[PDB]
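Worksheet for the structure shown next.
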Amino acid sequence: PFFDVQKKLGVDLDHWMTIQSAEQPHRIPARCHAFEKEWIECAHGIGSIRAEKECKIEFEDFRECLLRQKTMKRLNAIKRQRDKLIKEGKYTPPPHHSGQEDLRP
Amino acid sequence: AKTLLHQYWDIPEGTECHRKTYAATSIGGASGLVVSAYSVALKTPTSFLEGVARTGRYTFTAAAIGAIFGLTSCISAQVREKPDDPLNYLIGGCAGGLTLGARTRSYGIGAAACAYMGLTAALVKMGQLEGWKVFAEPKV
Amino acid sequence: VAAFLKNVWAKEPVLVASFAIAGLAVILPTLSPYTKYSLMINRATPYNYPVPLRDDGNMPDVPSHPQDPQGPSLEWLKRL
Amino acid sequence: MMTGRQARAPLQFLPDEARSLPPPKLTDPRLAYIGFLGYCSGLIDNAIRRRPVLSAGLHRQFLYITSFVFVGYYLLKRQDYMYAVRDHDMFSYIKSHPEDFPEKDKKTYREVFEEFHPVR
Amino acid sequence: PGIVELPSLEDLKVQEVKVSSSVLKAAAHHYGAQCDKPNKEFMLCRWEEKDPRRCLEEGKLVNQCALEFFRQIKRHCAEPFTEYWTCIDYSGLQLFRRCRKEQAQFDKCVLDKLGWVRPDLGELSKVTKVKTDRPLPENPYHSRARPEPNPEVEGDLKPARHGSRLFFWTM
Amino acid sequence: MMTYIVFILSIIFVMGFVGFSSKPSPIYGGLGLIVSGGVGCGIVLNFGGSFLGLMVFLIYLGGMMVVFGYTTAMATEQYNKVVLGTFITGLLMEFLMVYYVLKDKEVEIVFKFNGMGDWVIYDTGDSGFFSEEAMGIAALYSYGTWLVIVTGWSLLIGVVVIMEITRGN
Amino acid sequence: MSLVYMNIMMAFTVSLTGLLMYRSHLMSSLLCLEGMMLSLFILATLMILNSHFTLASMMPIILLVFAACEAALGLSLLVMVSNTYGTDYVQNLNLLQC
Amino acid sequence: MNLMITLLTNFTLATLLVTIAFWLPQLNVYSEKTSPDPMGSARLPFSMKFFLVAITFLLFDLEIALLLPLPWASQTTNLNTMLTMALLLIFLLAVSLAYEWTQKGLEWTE
Amino acid sequence: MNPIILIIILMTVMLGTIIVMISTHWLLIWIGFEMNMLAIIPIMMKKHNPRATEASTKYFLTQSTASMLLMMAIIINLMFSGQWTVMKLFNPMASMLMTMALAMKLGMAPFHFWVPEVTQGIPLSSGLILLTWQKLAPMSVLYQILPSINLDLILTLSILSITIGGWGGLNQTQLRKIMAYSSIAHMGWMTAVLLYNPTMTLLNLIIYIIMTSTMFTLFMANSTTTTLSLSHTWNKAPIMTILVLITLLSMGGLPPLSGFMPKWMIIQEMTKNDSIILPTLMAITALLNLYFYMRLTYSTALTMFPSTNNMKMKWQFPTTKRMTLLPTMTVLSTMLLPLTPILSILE
Amino acid sequence: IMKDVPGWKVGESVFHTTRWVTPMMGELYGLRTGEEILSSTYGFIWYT
Ligand SMILES: CCCCCCCCCCCCCCCCCC(=O)OC[C@H](COP(=O)(O)OCCN)OC(=O)CCCCCCCCCCCCCCCCC
Ligand SMILES: CCCCCCCCCCCCCCCCCC(=O)OC[C@H](COP(=O)(O)OCCN)OC(=O)CCCCCCCCCCCCCCCCC
């Protein structure tokens with residue numbers, strides 16, 4: 001049994017912590033505020049069964065923001081190809097990627 | 001344990017005796033290994049040698065039961081030209097029960113195991129034929 | 001009630017001092033007139049950016065420049 | 001099952017929609033059976049404490065019967081309300097989805113065919 | 001999925017405000033007072049569009065206004081400002097209270113040369129209003145269509161037909 | 001190799017966990033747990049959590065493992081093959097996992113893990129004139145009223161419980 | 001995902017297998033339990049700090065407080081059984097088989 | 001960066017001093033000594049008092065860990081709530097101390 | 001033990017259970033669990049004998065392991081979802097860890113090894129508190145997370161619990177161990193019917209709570225902890241023998257008693273989802289629970305075991321125990337079958 | 001660099017949306033030397 005005492009009484013005992021996109025002190029944003037907001041605006045009011053299938057792409061984007069497996073895999077592939085081309089000797093790194101750029105500001 | 005059951009049921013019955021026997025032996029050996037693991041956990045042995053002897057005995061008994069059941073059921077399906085028939089599985093179950101009696105070296109437990117595991121194997125065959133569900137998914 | 005305080009202040013003065021300090025600490029902030037000053041000093045500290053609002057046409061109160069007369073004032077903080 | 005129904009207005013014994021339903025009568029057979037349960041509990045209470053069963057403490061047995069009748073009346077009100085909600089949701093879902101609940105083509109027995117198995 | 005679009009390297013090219021942190025801190029109040037309109041326009045565009053590629057030109061205008069502010073400082077009040085940011089730059093935490101005298105000298109010099117008045121306390125932290133001509137982003141989160149809600153409850157509640165319909169119970 | 005500092009610290013953490021989890025003696029287990037807690041606090045500090053790491057040093061090590069070793073000194077009177085065997089095999093699985101991680105830059109055991117250095121996940125922006133974790137902890141007295149109430153009640157009840165069960169009557 | 005997550009999961013698994021196989025003493029079981037809590041602390045703290053979840057930064061403090069109260073209760077129980085039997089061995093806690 | 005350099009320097013200076021303090025009289029060849037506590041072989045008596053004061057310290061240390069973020073928390077806008085929660089926490093500290101006091105918890109190590 | 005300290009500790013146990021029931025945050029679920037366990041430990045050690053400390057030690061170790069597994073599942077769910085709302089879980093590993101943590105807290109087989117020893121080592125009132133109140137919170141948490149529960153795992157745990165409970169209770173002579181194995185079998189039934197209709201689980205939980213409370217209250221009323229001391233009751237108070245006879249018949253699910261209704265509705269629910277082998281197996285296995293219940297009724301009510309001489313000295317005095325609510329739960333656990341459609345109030 | 005591999009799109013976003021996402025630290029400094037990586041990521045934490 002889940003007795004919703006808080007909704008019956010109007011108190012707010014643990015809803016402030018329950019999500020990351022909630023009211024945070026000093027208006028500090030999280031890394032995945034937008035993705036979580038979009039996923040919540042999907043799943044609200046349609047139940048879990050419909051929300052598990054209807055706009056799953058919002059949840060995939062949220063999970064990709066959270067854990068970042070695809071970005072890590074893409075960086076791994078790019079760096080592996082760069083290492084292979086560097087060792088076989090047909091790629092020269094640019095000056096700005098070797099610490100000789102004298103950055104903008 | 002999910003892939004062992006599928007690889008046992010992927011072979012058509014009365015077709016490949018060796019592969020069916022091997023799949024049944026692997027399933028039996030896995031069950032005997034589980035039983036032996038729980039036996040050496042809860043009932044600790046006197047030494048390492050007693051524990052490994054108990055493990056080998058239980059695993060070999062279960063593997064022999066599985067091999068005998070699979071070979072007998074497949075042979076009976078081959079001879080009778082009746083692949084979809086629970087009588088072949090009843091014969092194989094009684095053969096497995098007689099093997100269990102031979103391993104424990106007592107006739108009465110072997111005869112009781114013949115009757116009960118032949119009935120159980122027949123029930124499993126009827127469930128495979130009629131599509132009975134044991135862990136049924138929620139539907140309503 | 002009156003001789004009890006004298007006896008307990010002659011016998012355990014440390015506990016009398018502790019309880020008196022505790023009572024002062026628990027009844028004084030509800031009585032002082034400077035708590036509201038702490039409230040509006042803490043709420044007037046600019047931690048993050050004052051993001052501007054797009055001028056639709058009806059905001060007489062919102063200034064168009066920091067030196068404009070309209071807007072919150074901290075002269076009370078400068079004087080106190 | 002019905003938590004989506006009992007989720008917008010939580011922790012309510014009887015919502016405001018329940019008052020549109022007929023209340024149970026005070027001569028309800030279920031209410032009379034619950035009063036009999038209360039009387040039986042009063043008699044057991046007399047029996048376990050070595051009192052005369054049918055004579056000792058008539059006020060105690062009356063309070064037993066009254067308490068059982070009160071709690072049973074409110075439980076019966078809730079039960080009737082929840083079965084009403086079940087039927088209401090069922091009929092609304094049947095009416096809202098006519099494609100999934102087609103009208104069965106009823107046929108008389110002169111057209112249908114049934115195999116005959118003789119008993120001999 | 002899609003291909004992320006980036007501006008070309010010529011579009012990111014601008015001449016910079018090549019001054020240190022203490023030089024920026026010494027004239028921070030006058031920079032906030034004098035160059036407020038393009039800064040607030042850029043900040044409104046930034047908080048509304050949520051995309052730096054849509055605020056590149058406003059940032060360019062911010063750079064131009066800051067550069068003209070420092071050119072106007074250099075024309076008339078180079079020496080008192082130089083002393084002020086020097087004594088600001090000596091401090092480890094870069095305190096404003098260790099350099100009150102040079103601050104007053106710089107403020108007086110720039111008041112009688114350029115007519116500039118420094119803001120008081122709380123003035124630069126005010127929320128202002130911005131008149132701009134670029135239209136409001138109607139969909140800045142790039143959100144797609146929301147799922148349709150379930151049908152709700154309608155109609156009066158009626159008693160159950162033949163009661164519970166649980167086995168033999170007639171209620 | 002300096003970009004892999006948090007990874008190396010995590011290796012030391014899990015190695016100390018293997019060492020103290022082999023149970024050689026309760027006091028040596030306490031020493032290994034103290035070392036592992038120090039290395040884990042180093043991990044948290046290198047990730048940016050100064051307050052949480054200093055809580056680990058102040059409360060876990062300086063305040064609680066003292067009680068554990070203090071109780072260990074009041075029992076287990078002062079003066080194996082199994083301990084060495086499990087320590088060796090735990091070191092073997094650990095270094096096999098490290099080799100399989102670093103050879104292919106990807107691994108799967110239960111979840112999928114990536115073998116690149118863990119500096120990639122960091123945030124490119126600044127937090128302004130405050131630290132985010134300190135504000136999050138400081139919001140306990142303003143937001144976490146209920147959390148404060150239940151935690152304080154549990155602590156007082158724990159004092160009462162400990163006084164109750166050690167009396168013997 | 002990241003790598004230090006894998007190392008903290010493996011540390012938790014090592015401490016769990018240490019707890020779940022007693023050797024001789026109850027104190028070693030308590031040490032394995034508290035190492036499990038420490039691994040939970042590190043994992044949750046790293047996730048919360050990397051995710052920039054500001055309001056979740058109070059959670060590891062509450063976790064530490066509650067599990068240290070748990071450990072105080074466990075130490076009291078260990079002291080009670082040591083006073084009963086003269087040692088904290090787990091083979092003396094076998095009266096309830098019958 | 002500089003902090004762990006300083007930590008390593010302090011650790012290696014301490015271990016250098018300890019190594020010289022140990023192994024320098026080891027180079028002396030003084031003598032061999034046979035040497036054949038007031039209690040000879042008595043078991044350590046288990047005292048509930050020392051364990052009780054240890055556990056009381058641990059619990060008060062936990063409530064100290066709760067009390068620690070007060071200087072940061074005093075900067076909140078909700079000052080009434082923060083003041084009430086702080087006073088409630090220190091009042092719970094005082095109540096636990098008083099319960100230990102009254103039930104003879106602080107007895108013979110007062 | 002002080003009456004006031006006992007009152008505060010009991011309200012702390014109920015406060016922990018309430019905190020688990022009403023909260024929408026996983027950390028608050030964890031906090032309520034530790035508050036409940038920390039407060040209930042001194043109820044077990046009320047008498048201060050070595051058996052109580054041994055039972056308390058085993059209970060503490062099991063609950064701490066289950067709690068650490070629960071925190072692991074919560075942290076994994078936070079890692080893979082970024083939130084803490086008590087609802088369906090977003091990882092199969094987190095779901096498996098949480099399901100096994102709740103199974104360890106409930107004492108279902110094969111995590112059942114702590115239940116009979118712990119129940120034997122503690123008094124009858126604390127054992128009643130444990131086996132009745134401690135199971136309200138894990139079943140509520142299971143009631144909140146059913147979209148994420150693996151069906152094979154929970155059904156395996158259920159059938160294992162039922163078989164192991166029946167086979168374990170076949171051999172016992174102490175009443176507390178019998179009650180523990182009976183509890184294990186009933187939680188097997190409750191989590192068997194969980195994924196199809198949790199309202200049936202709530203109904204079974206309520207009926208089992210009432211029946212267990214009645215049996216334990218009769219046990220402390222007669223101050224009996226063994227089979228033979230219970231068999232002495234016919235020469236002291238035969239009305240109690242009649243009450244334990246009807247309650248033990250109702251505990252076995254024999255119609256028309258109120259214990260028939262939970263398994264009747266569970267079998268009704270399981271056959272709607274085309275699961276026929278499992279309800280038959282569970283009924284055939286519950287025949288074993290009926291067997292040792294009927295053995296108890298043989299020893300207590302339907303025969304007259306020999307008594308001793310001092311029973312006369314016990315005849316000369318009346319009872320003064322506060323048998324609280326004993327007639328009410330005695331009536332409610334036997335004659336509630338005609339009010340079977342009352343289960344619609346739990347939906 | 002990414003030219004020899006078949007089926008590789010240069011600049012393909014990993015997300016299903018066209019909303020701007022704040023770049024990772026490994027997305028910016030991933031193709032540079034280790035000294036700049038150390039000075040950017042651990043530079044503030046290690047600073048005294
Ligand atoms: C309400 C205010 C806020 C309260 C919360 C914050 C409190 C802060 C201080 C925390 C103190 C914690 C410990 C308190 C222990 C008190 C009980 C006690 O020690 O009683 C015993 C003592 C007599 O000593 P004895 O029995 O011999 O013990 C050996 C030591 N001699 O007994 C005594 O010495 C008598 C102690 C009780 C009477 C003290 C009266 C003090 C009055 C001061 C003026 C009024 C202050 C305003 C508050 C109202 C106080 C009633
Ligand atoms: C969806 C459901 C949600 C939740 C719904 C509500 C659930 C209610 C669960 C009730 C659980 C009861 C737990 C056990 C009793 C608690 C009170 C207690 O502490 O009793 C023990 C106490 C010990 O005192 P002592 O004197 O030491 O006793 C030894 C004998 N001389 O005192 C005694 O021993 C005194 C002797 C008499 C004790 C009688 C206790 C009866 C309690 C159960 C009543 C019936 C169940 C509740 C109503 C129906 C709920 C479904």
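Here's how to read the names in the structure tokens: chain A, B, ... by the order shown, residue numbers from 1 in each chain, ligand numbers from 1 in the order shown.
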| message | Residues of range 30-91 of chain B classed as alpha helix (DSSP H) by DSSP on the backbone are to be reported as an MDAnalysis selection string. | response | chainID B and resid 30:42 48:80 86:91
| message | Which residues are near ligand 1 in this structure, taking near to mean any atom at most 10 Å from a ligand atom and counting only C-alpha atoms and all ligand atoms? Format them as a PyMOL selection string. | response | (chain C and resi 4-9+11-27) or (chain H and resi 87-88+90-102+104+106-107+110)
Can you write out as JSON lines which residues of chain A fall within 10 Å of ligand 2, alongside each residue's closest atom pair and its distance in Å to one decimal, counting only C-alpha atoms and all ligand atoms and ordering rows by chain and ascending residue number?
```
{"residue": "A:1", "atom": "CA", "partner": "ligand 2", "partner_atom_place_in_ligand_line": "1 (C)", "distance": 5.9}
{"residue": "A:2", "atom": "CA", "partner": "ligand 2", "partner_atom_place_in_ligand_line": "1 (C)", "distance": 9.2}
{"residue": "A:3", "atom": "CA", "partner": "ligand 2", "partner_atom_place_in_ligand_line": "3 (C)", "distance": 9.2}
```
Quick one: which chain A residues come within 9 Å of chain D, and what is the nearest atom pair for each with the distance in Å to one decimal, counting only C-alpha atoms, rows ordered by chain and ascending number, as a Markdown table?
```
| residue | atom | partner | partner_atom | distance |
| --- | --- | --- | --- | --- |
| A:3 | CA | D:11 | CA | 6.6 |
| A:4 | CA | D:10 | CA | 6.1 |
| A:5 | CA | D:11 | CA | 7.2 |
| A:7 | CA | D:10 | CA | 7.1 |
| A:8 | CA | D:10 | CA | 6.2 |
| A:47 | CA | D:4 | CA | 8.3 |
```
Next, dump the selected residues to file, keeping only C-alpha atoms, as a tab-separated table (two decimals), in the first residue's frame.
```
chain	number	residue	atom	x	y	z
A	3	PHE	CA	-0.92	5.83	1.31
A	4	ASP	CA	-0.54	9.26	-0.29
A	5	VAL	CA	-0.56	11.17	2.99
A	7	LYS	CA	-1.26	14.75	-1.30
A	8	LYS	CA	-4.16	14.30	1.14
A	47	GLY	CA	0.58	5.93	-17.43
```
| query | Which residues come within 12 Å of residue 58 in chain B, counting only C-alpha atoms, excluding same-chain residues fewer than 4 positions away, as number ranges by chain? | reply | B: 28-40, 51-54, 62-65, 100, 103-104
| request: May I ask you to extract the residues of chain E within 9 Å of chain I, using only C-alpha atoms, and to give them as number ranges by chain? | output: E: 164, 166, 169, 171
| Near range 76-91 of chain B, counting only C-alpha atoms, which residues have an atom at most 10 Å away, once you skip same-chain residues fewer than 2 positions from it, shown as JSON, numbers by chain? | {"B": [12, 13, 14, 15, 16, 17, 69, 70, 71, 72, 73, 74, 93, 94, 95, 96, 97, 114, 115, 116, 117, 118, 119, 120, 121, 122, 123, 124, 125, 126, 127, 128, 129]}
Written file, previous selection with N, CA and C atoms, as a short mmCIF file (atom, residue, chain, number, x, y, z; two decimals), in the first residue's frame:
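As a result, part.cif now contains:
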```
data_model
loop_
_atom_site.label_atom_id
_atom_site.label_comp_id
_atom_site.auth_asym_id
_atom_site.auth_seq_id
_atom_site.Cartn_x
_atom_site.Cartn_y
_atom_site.Cartn_z
N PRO B 12 14.59 -32.18 -33.72
CA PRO B 12 13.36 -32.96 -33.89
C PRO B 12 13.49 -34.32 -33.23
N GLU B 13 12.37 -34.81 -32.70
CA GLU B 13 12.39 -36.04 -31.91
C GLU B 13 12.49 -37.26 -32.82
N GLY B 14 13.27 -38.24 -32.38
CA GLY B 14 13.51 -39.41 -33.19
C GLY B 14 14.38 -39.17 -34.40
N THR B 15 15.25 -38.16 -34.35
CA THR B 15 16.08 -37.81 -35.49
C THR B 15 17.56 -37.95 -35.21
N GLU B 16 18.06 -37.32 -34.15
CA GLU B 16 19.49 -37.32 -33.84
C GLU B 16 19.65 -37.80 -32.40
N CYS B 17 20.01 -39.08 -32.24
CA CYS B 17 20.10 -39.66 -30.91
C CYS B 17 21.28 -39.09 -30.12
N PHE B 69 17.61 -41.22 -20.15
CA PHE B 69 16.28 -40.76 -20.54
C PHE B 69 16.26 -40.28 -21.99
N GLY B 70 17.25 -39.46 -22.37
CA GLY B 70 17.28 -38.93 -23.73
C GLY B 70 17.47 -40.02 -24.77
N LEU B 71 18.40 -40.94 -24.51
CA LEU B 71 18.65 -42.03 -25.45
C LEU B 71 17.44 -42.94 -25.58
N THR B 72 16.80 -43.29 -24.46
CA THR B 72 15.65 -44.19 -24.51
C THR B 72 14.46 -43.56 -25.21
N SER B 73 14.17 -42.29 -24.91
CA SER B 73 13.04 -41.62 -25.57
C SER B 73 13.29 -41.44 -27.06
N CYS B 74 14.51 -41.07 -27.45
CA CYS B 74 14.81 -40.88 -28.87
C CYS B 74 14.77 -42.21 -29.62
N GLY B 93 11.31 -41.84 -19.16
CA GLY B 93 11.27 -41.52 -17.75
C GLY B 93 11.41 -42.74 -16.86
N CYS B 94 10.81 -43.86 -17.26
CA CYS B 94 11.00 -45.08 -16.48
C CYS B 94 12.44 -45.58 -16.59
N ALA B 95 13.07 -45.41 -17.76
CA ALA B 95 14.48 -45.77 -17.89
C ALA B 95 15.36 -44.92 -16.99
N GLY B 96 15.07 -43.62 -16.91
CA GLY B 96 15.80 -42.76 -15.99
C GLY B 96 15.59 -43.14 -14.53
N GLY B 97 14.36 -43.51 -14.18
CA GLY B 97 14.10 -43.97 -12.82
C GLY B 97 14.83 -45.25 -12.48
N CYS B 114 10.84 -44.82 -11.39
CA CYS B 114 10.35 -45.16 -12.73
C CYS B 114 8.93 -44.67 -12.93
N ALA B 115 8.03 -45.02 -12.02
CA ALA B 115 6.63 -44.61 -12.17
C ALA B 115 6.48 -43.09 -12.13
N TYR B 116 7.09 -42.45 -11.12
CA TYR B 116 6.85 -41.02 -10.92
C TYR B 116 7.54 -40.17 -11.98
N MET B 117 8.79 -40.48 -12.33
CA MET B 117 9.45 -39.67 -13.35
C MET B 117 8.99 -40.02 -14.75
N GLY B 118 8.48 -41.23 -15.00
CA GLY B 118 7.83 -41.50 -16.26
C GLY B 118 6.55 -40.70 -16.42
N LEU B 119 5.76 -40.61 -15.34
CA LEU B 119 4.58 -39.75 -15.36
C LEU B 119 4.96 -38.29 -15.56
N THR B 120 6.02 -37.83 -14.89
CA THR B 120 6.46 -36.45 -15.02
C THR B 120 6.94 -36.14 -16.43
N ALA B 121 7.71 -37.05 -17.03
CA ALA B 121 8.19 -36.84 -18.39
C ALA B 121 7.04 -36.86 -19.39
N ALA B 122 6.05 -37.73 -19.16
CA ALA B 122 4.86 -37.73 -20.00
C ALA B 122 4.11 -36.41 -19.89
N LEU B 123 3.99 -35.87 -18.67
CA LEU B 123 3.32 -34.59 -18.48
C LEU B 123 4.07 -33.46 -19.18
N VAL B 124 5.41 -33.49 -19.13
CA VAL B 124 6.20 -32.48 -19.83
C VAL B 124 5.99 -32.59 -21.34
N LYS B 125 5.89 -33.81 -21.85
CA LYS B 125 5.62 -34.01 -23.27
C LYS B 125 4.24 -33.49 -23.67
N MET B 126 3.22 -33.76 -22.86
CA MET B 126 1.89 -33.22 -23.14
C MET B 126 1.87 -31.71 -23.07
N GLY B 127 2.62 -31.13 -22.14
CA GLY B 127 2.69 -29.68 -22.06
C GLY B 127 3.39 -29.06 -23.24
N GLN B 128 4.43 -29.72 -23.75
CA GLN B 128 5.10 -29.23 -24.95
C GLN B 128 4.19 -29.35 -26.17
N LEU B 129 3.39 -30.42 -26.24
CA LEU B 129 2.51 -30.59 -27.39
C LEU B 129 1.34 -29.62 -27.36
#
```
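Between CA of residue 188 in chain I and CA of residue 22 in chain I the separation is 25.2 Å.
Residues of chain B having any atom within 10 Å of chain I, counting only C-alpha atoms, are residues 132, 133, 134, 135, 136, 137, 138, 139 and 140 of chain B.
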| task | Pick out the chain F residues within 7 Å of chain I. Count only C-alpha atoms. Give them as a VMD selection string. | result | chain F and resid 154 158 161 165 168 to 169
Please produce a file of the residues just selected, as a PDB file, in the first residue's frame, where the atoms kept are C-alpha atoms.
```pdb
ATOM      1  CA  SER F 154      16.656   7.893  14.731  1.00  0.00           C
ATOM      2  CA  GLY F 158      19.709   4.717  18.781  1.00  0.00           C
ATOM      3  CA  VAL F 161      18.493   1.454  22.260  1.00  0.00           C
ATOM      4  CA  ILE F 165      20.569  -3.514  25.383  1.00  0.00           C
ATOM      5  CA  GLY F 168      21.654  -6.666  30.761  1.00  0.00           C
ATOM      6  CA  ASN F 169      18.373  -6.158  32.630  1.00  0.00           C
TER       7      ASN F 169
END
```
| task | Check every residue of chain F for an atom within 9 Å of chain J, counting only C-alpha atoms, and provide those that qualify as JSON, numbers by chain. | result | {"F": [2, 3, 45, 46, 47, 48, 119, 120, 121, 122, 123, 124]}
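Note that the spacing between CA of residue 166 in chain F and CA of residue 25 in chain F amounts to 25.5 Å.
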Specify as a short mmCIF file (atom, residue, chain, number, x, y, z; two decimals) with C-alpha atoms, in the first residue's frame all residues of chain H found within 12 Å of chain J, counting only C-alpha atoms.
```cif
data_model
loop_
_atom_site.label_atom_id
_atom_site.label_comp_id
_atom_site.auth_asym_id
_atom_site.auth_seq_id
_atom_site.Cartn_x
_atom_site.Cartn_y
_atom_site.Cartn_z
CA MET H 1 49.35 18.84 -6.94
CA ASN H 2 51.46 20.70 -4.41
CA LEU H 3 49.42 19.16 -1.58
CA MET H 4 50.30 15.55 -2.40
CA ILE H 5 53.93 16.59 -2.94
CA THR H 6 53.91 17.98 0.61
#
```
| task | Just need the residues of chain J within 8 Å of chain A, counting only C-alpha atoms, so spit them out as number ranges by chain. | result | J: 1-2, 14-17, 26-27, 30-33, 36
File dump, residues just selected, C-alpha atoms, as a short mmCIF file (atom, residue, chain, number, x, y, z; two decimals), in the first residue's frame:
```cif
data_model
loop_
_atom_site.label_atom_id
_atom_site.label_comp_id
_atom_site.auth_asym_id
_atom_site.auth_seq_id
_atom_site.Cartn_x
_atom_site.Cartn_y
_atom_site.Cartn_z
CA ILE J 1 40.89 11.55 -40.14
CA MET J 2 37.61 9.63 -40.39
CA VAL J 14 24.37 11.32 -31.03
CA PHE J 15 21.01 12.69 -29.84
CA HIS J 16 17.67 12.41 -31.61
CA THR J 17 17.01 16.15 -31.21
CA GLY J 26 36.19 15.05 -23.86
CA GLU J 27 34.49 16.52 -26.92
CA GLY J 30 39.87 15.01 -26.59
CA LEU J 31 42.08 15.71 -29.61
CA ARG J 32 44.73 17.74 -27.75
CA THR J 33 47.81 17.04 -25.65
CA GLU J 36 46.07 20.96 -21.61
#
```
Write out as CSV the residues of chain H that have any atom within 9 Å of an atom of chain G, one row each with the nearest atom pair and its distance in Å to one decimal, counting only C-alpha atoms, sorted by chain and then rising number.
```
residue,atom,partner,partner_atom,distance
H:46,CA,G:83,CA,7.4
H:48,CA,G:79,CA,8.5
H:51,CA,G:76,CA,8.3
H:52,CA,G:76,CA,8.9
H:55,CA,G:72,CA,6.5
H:58,CA,G:72,CA,7.7
H:59,CA,G:69,CA,7.1
H:62,CA,G:65,CA,5.8
H:63,CA,G:65,CA,8.1
H:65,CA,G:61,CA,7.7
H:66,CA,G:61,CA,7.7
```
| query | Which distance in Å separates CA of residue 25 in chain D and CA of residue 70 in chain D, to one decimal? | reply | 12.7 Å
| message | Should the cut-off be 6 Å, what would the residue list for chain J against chain E look like, counting only C-alpha atoms, as an MDAnalysis selection string? | response | chainID J and resid 11:13 16 19
Write a file of the just-selected residues containing N, CA and C atoms, as a PDB file, in the first residue's frame.
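Resulting contents of out23.pdb:
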```
ATOM      1  N   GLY J  11      30.492  14.659 -38.163  1.00  0.00           N
ATOM      2  CA  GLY J  11      29.660  15.584 -37.425  1.00  0.00           C
ATOM      3  C   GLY J  11      28.257  15.098 -37.159  1.00  0.00           C
ATOM      4  N   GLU J  12      28.066  13.792 -37.002  1.00  0.00           N
ATOM      5  CA  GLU J  12      26.749  13.255 -36.688  1.00  0.00           C
ATOM      6  C   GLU J  12      26.486  13.390 -35.196  1.00  0.00           C
ATOM      7  N   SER J  13      25.388  14.050 -34.846  1.00  0.00           N
ATOM      8  CA  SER J  13      25.002  14.164 -33.448  1.00  0.00           C
ATOM      9  C   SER J  13      24.537  12.817 -32.920  1.00  0.00           C
ATOM     10  N   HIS J  16      18.748  12.403 -30.636  1.00  0.00           N
ATOM     11  CA  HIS J  16      17.667  12.409 -31.614  1.00  0.00           C
ATOM     12  C   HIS J  16      17.073  13.790 -31.834  1.00  0.00           C
ATOM     13  N   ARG J  19      18.190  20.258 -30.582  1.00  0.00           N
ATOM     14  CA  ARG J  19      18.461  21.234 -29.538  1.00  0.00           C
ATOM     15  C   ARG J  19      19.947  21.247 -29.211  1.00  0.00           C
TER      16      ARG J  19
END
```
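For the residues H:109, H:78, H:21, H:29, ranking by smallest atom-to-atom distance to chain C using only C-alpha atoms places H:78 first.
Residue-level contact on chain F: within 8 Å of chain H, counting only C-alpha atoms, the set is residues 55, 59, 63, 64, 67, 70, 71, 74, 75, 134, 135, 137, 138, 139, 140, 141, 142, 145, 148, 152, 153, 155, 156, 159, 160, 163 and 166 of chain F.
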Find the residues of chain E that sit at most 8 Å from chain C; for each, write down the nearest two atoms and how far apart they are in Å, to one decimal. Count only C-alpha atoms. Sort by chain, then by number going up, and give it as CSV.
```
residue,atom,partner,partner_atom,distance
E:33,CA,C:66,CA,7.2
E:36,CA,C:65,CA,7.5
E:40,CA,C:52,CA,6.6
E:43,CA,C:51,CA,7.0
E:44,CA,C:52,CA,6.0
E:47,CA,C:51,CA,7.6
E:119,CA,C:67,CA,6.7
E:121,CA,C:74,CA,6.5
E:122,CA,C:74,CA,6.1
E:123,CA,C:66,CA,4.9
E:124,CA,C:66,CA,5.6
E:125,CA,C:50,CA,6.0
E:126,CA,C:66,CA,6.2
E:127,CA,C:50,CA,5.0
E:128,CA,C:52,CA,5.0
E:129,CA,C:53,CA,4.8
E:130,CA,C:54,CA,5.2
E:131,CA,C:55,CA,5.2
E:132,CA,C:54,CA,7.4
```
